[PDB]
Amino acid sequence: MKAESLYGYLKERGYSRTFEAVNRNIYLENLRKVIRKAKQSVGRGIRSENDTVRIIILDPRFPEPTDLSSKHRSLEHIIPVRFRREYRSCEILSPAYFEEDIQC
Amino acid sequence: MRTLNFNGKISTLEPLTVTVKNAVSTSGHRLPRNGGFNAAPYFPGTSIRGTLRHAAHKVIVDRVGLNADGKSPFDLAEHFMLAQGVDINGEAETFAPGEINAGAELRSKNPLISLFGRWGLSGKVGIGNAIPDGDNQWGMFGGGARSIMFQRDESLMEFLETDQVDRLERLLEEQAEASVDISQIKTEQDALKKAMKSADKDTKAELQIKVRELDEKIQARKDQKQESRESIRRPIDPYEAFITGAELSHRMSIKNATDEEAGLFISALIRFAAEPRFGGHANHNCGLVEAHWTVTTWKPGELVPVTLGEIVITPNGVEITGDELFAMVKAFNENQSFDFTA
Amino acid sequence: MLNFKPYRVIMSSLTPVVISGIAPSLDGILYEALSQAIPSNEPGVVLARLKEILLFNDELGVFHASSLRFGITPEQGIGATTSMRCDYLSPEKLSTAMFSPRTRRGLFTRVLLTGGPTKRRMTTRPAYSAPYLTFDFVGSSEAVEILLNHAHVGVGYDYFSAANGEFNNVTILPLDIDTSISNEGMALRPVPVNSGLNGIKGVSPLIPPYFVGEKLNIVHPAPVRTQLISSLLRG
Amino acid sequence: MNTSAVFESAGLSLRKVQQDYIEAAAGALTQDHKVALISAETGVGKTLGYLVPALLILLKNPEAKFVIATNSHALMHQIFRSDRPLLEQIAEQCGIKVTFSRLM
Amino acid sequence: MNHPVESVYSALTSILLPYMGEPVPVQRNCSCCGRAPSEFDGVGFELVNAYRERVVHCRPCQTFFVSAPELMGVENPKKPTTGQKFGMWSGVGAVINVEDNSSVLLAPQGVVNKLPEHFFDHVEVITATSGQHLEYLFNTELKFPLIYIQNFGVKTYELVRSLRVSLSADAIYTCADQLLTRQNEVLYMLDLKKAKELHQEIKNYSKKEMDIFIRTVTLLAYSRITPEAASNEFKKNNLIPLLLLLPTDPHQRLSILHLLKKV
DNA sequence: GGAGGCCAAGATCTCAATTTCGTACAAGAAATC
Ligand SMILES: [Zn+2]
């Protein structure tokens with residue numbers, strides 16, 4: 001209904017964007033709210049310079065380091081820039097089969 | 001001299017489609033995809049660049065106006081120089097190859113040839129592609145069937161005189177029998193394409209020419225129709241477009257910019273907003289777009305973008321924002337020393 | 001003059017990349033980006049300012065900016081696509097409102113689009129459509145990231161005009177070993193012949209822009225190089 | 001100016017991020033009628049980050065005030081508990097004082 | 001003197017040197033090749049094409065625009081007095097030996113019919129369509145350096161300024177009247193040595209394995225099958241050694257596949 | 001009588017077929033207009 005009612009807003013204010021467009025805009029806004037909230041969650045981890053936190057993200061949808069085209073790639077921004085190297089080198093609980101594909 | 005990056009979104013008002021020979025195949029009309037069918041389509045930056053070059057050419061034509069005789073001052077040579085940068089009469093300044101910043105006189109006198117280059121003079125406008133933001137923002141739009149008008153509306157038969165009603169009857173008969181004949185020939189053709197897969201190369205020297213002679217027989221049968229060369233009851237193939245209300249990320253840039261060139265570009269955008277159409281299939285109103293471009297420039301020396309304004313093209317109007325963009329437009333409107341002829 | 005780190009930049013290729021014989025070097029992309037960022041086309045000053053964001057090998061005369069190498073994922077691979085630029089002489093273009101056709105008895109001489117200097121030029125170029133484009137370079141991540149994200153630069157031929165090889169989602173990851181110039185004696189970018197690095201012989205200037213300056217003999221990598229994206233993100 | 005030192009005259013474990021925050025915040029606050037957007041990840045001493053520009057900017061035209069709106073009871077508690085020592089200590093060098101308030 | 005168009009002229013089109021006329025001393029670069037008059041010795045042929053432009057062509061370049069029906073036969077019966085022109089031939093190729101100054105003309109059967117018997121005396125002609133050029137190159141012992149005009153085509157200007165000498169079997173420049181930009185020389189580069197070794201190692205693989213390999217590589221090069229699927233197919237069919245011999249470039253792969261399935 | 005323009009003719013050929021699906025919550029403070 002936020003998408004529908006916002007579409008009503010844009011329709012009556014004269015802006016021409018279809019309802020699915022407003023759905024997409026609302027989805028992106030919510031996903032950015034999710035990114036901010038998860039950034040807050042990870043910020044709970046480290047508060048003092050001596051803090052050591054083992055963050056376990058058990059969601060399957062958190063983008064893998066190798067999956068740069070993953071749908072929720074923006075969630076990779078949750079990890080602070082400084083700790084992105086350990087994000088790249090991170091232990092995967094349930095990874096997805098890779099191979100040695102000769103066409104490398 | 002400022003590099004103006006128009007970073008912005010194109011929201012699609014009616015489906016945005018483009019026909020590119022490589023993308024389109026026998027399997028159907030598909031958008032340029034940069035990979036397999038599962039890849040993400042992109043609207044070419046070439047189509048947008050050509051559309052905006054046409055818009056700028058029209059702006060130049062209007063600003064120049066018409067002669068006392070009511071004919072555009074541009075001849076075919078000048079028209080093709082401004083429109084597609086091809087010198088037809090071989091009379092153009094063949095700038096030496098190794099000076100990058102060559103043609104400053106032509107760039108000053110001709111801002112259209114400055115923004116969009118000619119052959120041998122690098123253009124200043126790099127118009128990037130409209131990349132979709134989402135995952136399901138394309139679709140097989142169009143599609144349908146060219147229905148025989150008189151088999152849908154019977155009332156239209158009351159207008160046909162009997163000497164034309166029998167002509168219609170003959171046309172339908174010929175269409176039907178020619179179409180079952182072409183169907184049989186196509187069935188033989190696809191059976192042969194199945195047989196190609198068991199190729200031993202003894203038959204293949206004959207099979208492809210056999211296929212070609214079957215296509216020739218198809219063309220002969222189509223020619224045999226006395227009353228209508230092409231079947232009217234055609235199922236229209238769908239064309240792949242970007243969905244209505246698709247948010248496509250668009251990056252356009254002008255390189256180092258005299259106020260006049262940037263003003264001409266902004267005027268071209270203002271004239272394109274009259275008919276904001278990208279791509280073809282204009283019969284289905286395809287291509288109608290509204291786009292908000294944040295005009296950023298680079299700080300002198302520093303590597304940081306400063307936002308000079310916004311170009312919001314919408315059906316309700318063009319909202320040029322920022323005093324500097326207005327200054328560029330005013331500079332282009334003034335400085336009437338431009339000599340687009342040759 | 002600034003502290004420079006080995007970085008590997010991986011970006012999503014959005015349009016097919018057209019390679020002008022020699023693989024596009026990241027130093028050429030950065031030279032174009034700087035030419036846009038400092039609104040001046042003089043090669044000398046743009047080069048002088050490129051050294052401040054890229055390491056420059058003085059004894060070798062090249063920038064520490066590896067050539068293009070396609071990152072191919074198990075789902076999408078290096079593909080052969082054609083970058084097609086075609087004249088569209090529309091009816092509105094072909095109209096008296098924009099120009100005065102030469103007249104004969106009140107009939108307008110149609111433009112001979114079939115052939116001749118006024119033809120519908122159907123220029124087809126080979127292009128390579130890989131999911132990812134990768135470069136390696138020894139430089140400041142901040143400046144190159146800003147340039148690649150906001151400067152209107154793509155990978156390949158004439159990104160301004162044809163919009164070839166546009167990229168987004170530029171990701172920089174620091175490397176442990178400098179893999180910009182050399183890797184197990186295999187040249188990863190245009191390097192002079194005398195450097196002792198092996199590869200493919202060619203003629204091109206060592207430093208950008210690669211279309212001005214004497215074309216001296218150089219050894220350059222295979223124009224189309226492919227690596228698994230997993231192997232590239234391993235570091 | 002005392003701004004250059006603050007953490008080296010009064011004495012605090014300055015990081016590069018902290019001085020960057022102080023300079024950027026002060027420059028922002030100089031701009032009139034504008035809105036300054038700063039993301040400051042946990043570890044930058046945000047409290048100090050915006051309280052140091054307040055005290056140094058007070059030097060010129062010392063009738064200025066800086067309302068600090070903090071959402072949570074707990075954020076408010078920890079920040080003010082930590083800043084009552086700190087900002088006083090720091091201002092002791094320039095000679096300025098702290099009319100700390102306790103609005104709620 | 002030392003240019004691709006001079007070499008092709010000397011080897012192949014000097015047979016129609018009697019049908020030229022005395023050139024006219026000129027001072028502006030040949031519009032066809034584009035080279036400077038400094039290497040024309042100051043001479044040239046002035047000419048007007050079907051688009052009414054004053055064009056200078058040089059001794060080697062003007063040979064592509066000559067009408068010698070008595071020698072090159074009648075190309076279009078509707079216009080008897082204008083014979084086949086090298087610059088107007090489509091589907092007709094040539095392999096010119098620069099060292100030996102000899103040429104072999106790979107013309108299709110139609111052109112061979114149109115050629116008079118007098119023509120074969122000066123030039124050896126092998127009946128071959130545009131698809132049969134590659135088998136000729138494969139089977140014949142090519143002598144290098146050589147100029148391989150794949151398709152004389154209709155764009156004589158782009159053909160002459162696209163001519164490139166093939167110095168060795170590593171790199172054969174297939175000139176097809178299409179402007180040989182550095183961006184599109186991959187489509188006109190034939191790695192005959194690498195294709196030959198690949199064909200040699202194709203014998204070790206069954207006909208079914210050969211078809212599967214060809215189709216998998218073609219689909220991959222057109223990005224129709226995922227790399228993981230192609231790797232699975234190669235591993236299951238033991239095709240790794242063949243893939244190791246293919247260039248990473250997909251257009252090179254497609255060219256070499258065309259070359260394999262042509263021979 | 002020369003100069004534009006419209007139209008027909010010219011060699012065979014090179015290649016590959018996806019099979020739809022996002023996202024599923026909590027509470028900070030309050031003289032609210
Ligand atoms: Zn010439």
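Under the PDB entry, the name given to chain C is CRISPR type AFERR-associated protein Csf3, and the organism recorded is Klebsiella pneumoniae.

1. Digging into the pattern of salt bridges
Evaluation of the coordinates by the stated rule reveals 35 salt bridges over all chains. With its nearest N and O atoms 2.8 Å apart, the salt bridge here joins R17(A) to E247(B). Linking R17(A) in the loop between α1 (2-12) and α2 (19-45) with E247(B) in strand β6 (residues 247-254), this pair reaches from one chain into another. In this pair, the class of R17(A) matches that of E247(B), namely buried. One salt bridge in this structure joins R28(E) and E46(E), with 3.4 Å as the shortest N-O distance.

2. Some points on unusual backbone geometry
Cis peptide bonds are those with omega within 30 degrees of zero, and the linkage from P208(C) to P209(C) qualifies with -5°. Position of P209(C) relative to the elements: it lies in the loop between β14 (200-203) and β15 (217-220). The step from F144(E) to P145(E) runs through a cis peptide bond, and the omega angle for that step is 0°. With respect to the helices and strands, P145(E) occurs in the loop between α6 (133-139) and β6 (146-149).

3. A closer look at the interface of chain B and chain E
The extent of an interface is frequently quoted as the accessible surface area lost upon association of the parts. Contact residues are listed per partner, giving seven residues for chain B and seven residues for chain E. Roughly 510 Å² is buried in total at the junction of chain B and chain E, and carbon and sulfur atoms are behind 37% of that figure. Run the count over chain B and chain E and you get one salt bridge. Of the charged contacts, one joins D200(B) and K207(E) as a salt bridge, the two residues approaching to 3.8 Å between their closest N and O atoms. In this assembly, chain B and chain E are joined by three residue pairs in polar contact. Of the residues contributing to the side of chain B that touches chain E, the split by class is two nonpolar, two polar and three charged.

4. Points about the protein's contact with DNA strand F
What surrounds DNA strand F is a group of 35 residues, the closest being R61(A), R102(C), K114(E), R215(E) and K262(E). Counting only the atoms of DNA strand F within 4 Å of the protein, the fraction contributed by sugar and phosphate is 71%. At 3.5 Å, a side-chain N or O of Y27(A) approaches a sugar or linking oxygen of DNA strand F. A distance of 2.3 Å separates a phosphate oxygen of DNA strand F from a polar atom in the side chain of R102(C). Secondary structure elements with two or more residues in the surface near DNA strand F: α4 (109-114), α9 (207-221) and α12 (250-262) of chain E. If one sorts the elements of the surface near DNA strand F by residue count, α4(E) sits on top with four residues.

Thresholds, definitions, all that
- Residues numbered from 1 in each chain as written, not as in the entry; some residues may be left out.
- Chains lettered and ligands numbered in written order.
- Part of a larger assembly, values for the part shown.
- Heavy atoms only, no water.
- Salt bridge = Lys/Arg side-chain N within 4 Å of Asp/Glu carboxyl O.
- Helix = DSSP H or I, 4+ residues; strand = E, 2+ residues; numbered from the N terminus.
- Buried < 20%, exposed > 50% of the residue type's maximum accessible area, 1.4 Å probe, protein only.
- Contact = heavy atoms within 4.5 Å.
- Buried area = accessible area lost by both parts, 1.4 Å probe.
- Polar contact = N/O pair within 3.5 Å; in protein donor to acceptor, adjacent residues only side chain to side chain.
- Nonpolar A, V, L, I, M, F, W, Y, C, P; charged D, E, K, R; others polar.
- Near = heavy atom within 4 Å.

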